[PDB]
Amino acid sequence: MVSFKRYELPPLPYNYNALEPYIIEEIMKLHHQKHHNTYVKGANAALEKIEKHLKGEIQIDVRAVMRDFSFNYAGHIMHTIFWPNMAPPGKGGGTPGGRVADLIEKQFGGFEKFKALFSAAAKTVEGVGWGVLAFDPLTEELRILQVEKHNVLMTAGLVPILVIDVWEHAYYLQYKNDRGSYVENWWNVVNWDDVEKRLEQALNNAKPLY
């Protein structure tokens, strides 16, 4: 038995204020340094308990520790995708090209219509959660869904390639209750290059994965 590899906080791919005016520095700071850090620490702490259990040192509530692992792992991986999904206005914003634009044209009937559907998915998350654009390994097509918290409504298989955090902490300081305006403005920092790089990996690796 070798000890588990610890999860690590991935640094932001841009400065804390690089997403202004659309997302303010203070949100980015809090979001990355308080919130994301906590998921990393929480996922590791769950695995530490599992380890002490396996080594016969303690007897854990397997369901409880696994619920802790699930929520914190999911928070960790969802944000790890969230950050590079965005970029400073210029590098971020506008409309996609390449392979992403092609499937969006094919599945959703154009960016316009995709954007409307994704925005509606994000805006209408009940409570806190995510709007998610995912690659389906079973059909090699794009799917849009919601995730509640970090780990509710998410499924096996589906590979998130573009996600928006619609937890209240993601916008409240700036947009107050107005999640709709947040989602509208988030489009101006979407890093279509990062998304494109993900659809590439998925088209190559996801079906041959399942």
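All residue numbers refer to positions in the sequence shown, first residue = 1.
Stretches 51 to 59 and 27 to 35 differ in mean CA B factor, with 51 to 59 having the higher one. Between 69 to 77 and 134 to 142, the higher mean Cα B-factor belongs to 134 to 142.
In the PDB entry, a CA B factor belonging to the lowest third of its chain's modelled residues is recorded for residue 123. Annotation for residue 129: CA B-factor lies in the lowest third of the chain's modelled residues.
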